[PDB]
Amino acid sequence: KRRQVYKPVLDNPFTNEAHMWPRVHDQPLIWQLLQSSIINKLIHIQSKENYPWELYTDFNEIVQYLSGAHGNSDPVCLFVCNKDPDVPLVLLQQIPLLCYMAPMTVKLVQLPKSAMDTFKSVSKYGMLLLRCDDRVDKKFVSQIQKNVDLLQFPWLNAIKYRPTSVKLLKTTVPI
Amino acid sequence: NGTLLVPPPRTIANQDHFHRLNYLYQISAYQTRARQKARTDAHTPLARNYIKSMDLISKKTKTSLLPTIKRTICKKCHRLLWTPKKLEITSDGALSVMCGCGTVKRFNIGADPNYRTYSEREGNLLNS
Amino acid sequence: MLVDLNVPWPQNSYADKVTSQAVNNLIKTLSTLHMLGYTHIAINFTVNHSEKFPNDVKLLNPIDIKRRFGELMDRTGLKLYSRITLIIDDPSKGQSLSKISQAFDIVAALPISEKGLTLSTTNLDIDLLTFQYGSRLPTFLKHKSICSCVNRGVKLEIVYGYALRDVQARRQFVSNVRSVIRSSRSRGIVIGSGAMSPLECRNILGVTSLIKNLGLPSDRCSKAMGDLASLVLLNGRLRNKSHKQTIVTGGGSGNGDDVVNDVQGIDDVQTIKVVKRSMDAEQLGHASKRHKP
Amino acid sequence: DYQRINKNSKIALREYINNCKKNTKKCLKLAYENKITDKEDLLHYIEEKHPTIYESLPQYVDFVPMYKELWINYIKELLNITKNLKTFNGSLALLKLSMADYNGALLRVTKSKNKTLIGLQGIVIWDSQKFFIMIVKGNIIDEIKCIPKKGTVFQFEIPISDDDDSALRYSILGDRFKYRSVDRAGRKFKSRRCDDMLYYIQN
RNA sequence: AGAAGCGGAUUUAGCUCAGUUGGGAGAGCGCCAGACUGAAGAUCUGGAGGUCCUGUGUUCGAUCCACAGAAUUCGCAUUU
RNA sequence: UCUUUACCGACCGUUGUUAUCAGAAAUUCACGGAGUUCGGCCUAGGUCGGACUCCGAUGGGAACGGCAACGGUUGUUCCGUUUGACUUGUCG
Ligand SMILES: [Mg+2]
Ligand SMILES: [Mg+2]
Ligand SMILES: [Zn+2]
């Protein structure tokens, strides 16, 4: 006979607050410009995809770019989709973490729409890292990023004790 | 299939043990971060010690942890991987995360998406 | 410092009620022990093994150190401890020892038969072993058992006040005490005064002469009242207030606060001791480099 | 070089606590060469003239808030110390203190067999089996302090959130428990002969 | 109060004693309470009650296994 | 646990165990992916079989690692003493 037993297991007490994805609102004003720009990149020539706009869409190149090889470009922006199925959780639990230790001004934007499976199915993987050094796009990227899309860290900034979190899991035991 | 019994009387000894484990994890993580933000690796063999002692206490009272903790900490030297060496992907395998000591913790990511751990599934978990 | 740890309480059964005359008599004999000179007093209470014990928490203590002896303390300047001598005769009826032990400070025993004497030294967590010096000794003590019991802890206790009761009892008293000194190897000997009156009190230099004439040396007698007496107080005092000699609720000041010496500064309600902010991690370094204290 | 040190965490911890003592001795030598008694001028002097020597020096000013607040808040949560103090239970609290780890505690040597060990306050970086490791500041001294536990009495204050009204002070004895924290998680402490504790009555 | 030396057995709730692939800490009696009786015993139900002699170490985890330190107790053609 | 001037090293084999859950798997059962080599159909190199190597979220864990018992050593097992001196009795 099978009996269900609840076992107490210690949770990471701050992983919910470490994965508090930033507050994004009035976001359909942004996907129009972003998707139109990405399509206009991806139409003509694979060299002309990355020749006027330098962007990296492979996670190994994201790690090698944020390691410290290129230090000139200080404003560098990232776009990562959450709340979207068919997206790996192994990278997604480490993407907002690796950008924190980067000395460059890296600006993560979490895309909140679940229906946005287009950018993953089209370009590479569903993430986008590019540079706003002298491009035209920064002329609106600096406009809205101060409004709603602010990214700051409250969790490591001040000194604060954290309460413990002990959860409990299901276990089916046959006897 | 069987009998459905949900007890919320948590036991005092298990709460003491998991508070001890969580305090060791918090003090090791905060030592590591307070050292890492300011300057170079000063007392990186110190905080690791706590984690090792933590894992040994996890060997004593038969306790299990979430895969977030064991994914954070190492396996052999048992150190925190908040600052790892290198992260590589699609290098003819799935994924690789290198460390300073040389012990790697890889994950099968090139097979298929939408795979979750047993503690991360929709209904298997009840908080507090 | 001197310890007198076997002053009896005028009550044997819980059904009996102590009159005010016996309480005033105990006040007068405590004033007598304060008059010539002593440092510590641990008053004793007799408990039989087969009585009907109450299932209470705040009623297991008919001593009341706080209300009457707390008033006697301010004019006295001494302290009182409470203890139980377990009058254990047969392995027939017992008790819940975890309540009777944690009730008072010191736990003692009084054997009458063979097997009880063995299970007291073996399993029963007590502080002192007292024998019936007034009546016939239960058995004659083996050396390797008493030696192992002293090496485990518990020491033997000699009551020199029981010889002051009757004429016939002196012969049985000396016949018991010489056997205790013979089989105890002069390690675990703690002496105490079993007086019920202030009219049977003695001075240190007469009790030392009594221990001389019984058979034990003089320096070992004063060492038994300095070293051996105050340590077996601390044993039960740490066992019953704190954990099993592990983590103590007693404040470690310089020379005034102690687990033994500072009883009133510890809240005897449950465990705690209210101490003001004497430890600051901000601007306190080495002790010889401070300037504020 | 870096891989051979951290192969064992205990040996690298020993190398770190040796390097801190050697750097403290070098700091005392450079301080007597400096002839300045102020430590705030001494740290800037080391920052100006000795960059590689400054790298392994401890920071006690950083060490106090990163440890004391977490330790006090953990004890206020664990022992159920709240604004309501009249519902306290002391025996279960002492059992929890027997079960709680003292890694990260502020602790003071109040009584000892050695007359020079007393008066030392310090915060735990690691618990040994039979010794104890703290850190204390002097005028210019920042040495990692090793203190024996066999024959010493330690005390620690548990504050209450009210200001200057009430606070608690507890005491442990390192000669009583002489084991690792790992064994102390499972050990049920029992009685001892306690014959060698005469010093606690002596001084 | 009848040693000294030798072999065997053995310590677990107040008591008498089980028990152990090594993963739960127990039974009888006693205490308290319920049930029952005009009352009580007996019968029956439930609860309270632990230093598994102590310590090391092995192991992921000890009443159990290894070592160390104590001892309990029988026998030596006996009832002293 | 081992080795000893090892001018080459050598952790013996078998049996059982590591409870529940987890995981593909609690003992080199098996399963999934990648690389190499060989053979058959076949020849823009597609598929199939066999062998090796590496990896796969879980748990102290995949490490022929830890624990307990037994022996092939010059065949195993059983039985008996090689231990006494005075006194007494018998026999020559
Ligand atoms: Mg002999
Ligand atoms: Mg001998
Ligand atoms: Zn590592």
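Here chain B follows Swiss-Prot for its numbers: 17-144, in order, are the residues you see.
Per the header of the entry, the method used was electron microscopy, 3.5 Å.
Every residue gets a Cβ built from N, Cα and C, even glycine.
Taken from Swiss-Prot as is:
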{"type": "BINDING", "residues": "B:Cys90, B:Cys93, B:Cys115, B:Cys117", "note": "Zn(2+) binding site"}
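A C-beta separation below 8 Å, combined with a sequence spacing of at least six in one chain, links B:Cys117 (Zn(2+) binding site) to B:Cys90, B:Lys92, B:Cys93, B:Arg95. For chain D, the nearby binding-site residues by a Cβ gap under 8 A, listed in sequence order, are B:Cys93, B:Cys117, drawn from B:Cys93, B:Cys115, B:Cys117. DSSP assigns B:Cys93 (Zn(2+) binding site) to coil in the three-state reduction, placing it in neither a helix nor a strand. The Cβ of B:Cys115 (Zn(2+) binding site) lies under 8 Å from the Cβ of B:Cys90, B:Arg95, B:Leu97, B:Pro100, B:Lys101, B:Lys121, each of these being in the same chain and 6 or more residues away along the sequence. For B:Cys93 (Zn(2+) binding site), the Cβ neighbour count at a 10 Å cut-off comes to 20, with all displayed protein chains included. Its Cβ taken as reference, B:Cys90 (Zn(2+) binding site) is surrounded by 22 other Cβ atoms within 10 Å in the chains shown. Taken residue by residue with DSSP, B:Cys117 (Zn(2+) binding site) is part of neither helix nor strand, so it is coil. Among the binding-site residues B:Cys90, B:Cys93, B:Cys115, B:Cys117, none has a Cβ under 8 Å from a Cβ of chain C.
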